[PDB]
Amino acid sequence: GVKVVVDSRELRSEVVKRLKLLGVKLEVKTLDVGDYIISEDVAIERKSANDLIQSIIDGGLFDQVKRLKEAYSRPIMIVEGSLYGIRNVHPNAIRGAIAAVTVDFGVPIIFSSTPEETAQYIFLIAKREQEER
């Protein structure tokens, strides 16, 4: 089976439930950065669409990505939930943030519609990491 380190704050999430159903072996830790660690280089940050939008409003998104990159050489951000129909911010603000993180900071931003899908992504990434290690 594949092994993934999970931050304590994620322990009782539906993501963890699906990872367990998928047969993933989890090791719990309290991480200063990241939510799911796949390898010494690959770490995943789970962020809801609402929190992404809030971090854009408060201008804290870039500091968050900076911190991720300084801790892991190959960080990944999974944005969970729909970003559409969510007012309180012009679409260009969301688009601009996405483009900056993925193209400028060079941090992949994979989109997931549910916690189950976030788990499915974590699982397939970890499986590939294990196979090529």
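All residue numbers are counted from 1 along the displayed sequence.
The question of which stretch, 113-121 or 9-17, has the higher mean Cα B factor is settled in favour of 9-17. Two stretches are in play, 33-41 and 84-92, and the higher mean C-alpha B-factor belongs to 84-92. Per-chain ranking of the deposited C-alpha B factor places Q64 in the middle third.
When all modelled residues of the chain are sorted by CA temperature factor, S55 is found within the lowest third.
Split the chain's modelled residues into thirds by C-alpha temperature factor. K47 is in the middle one. For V107, the recorded CA B-factor ranks within the middle third of the chain. Only modelled residues enter the ranking.
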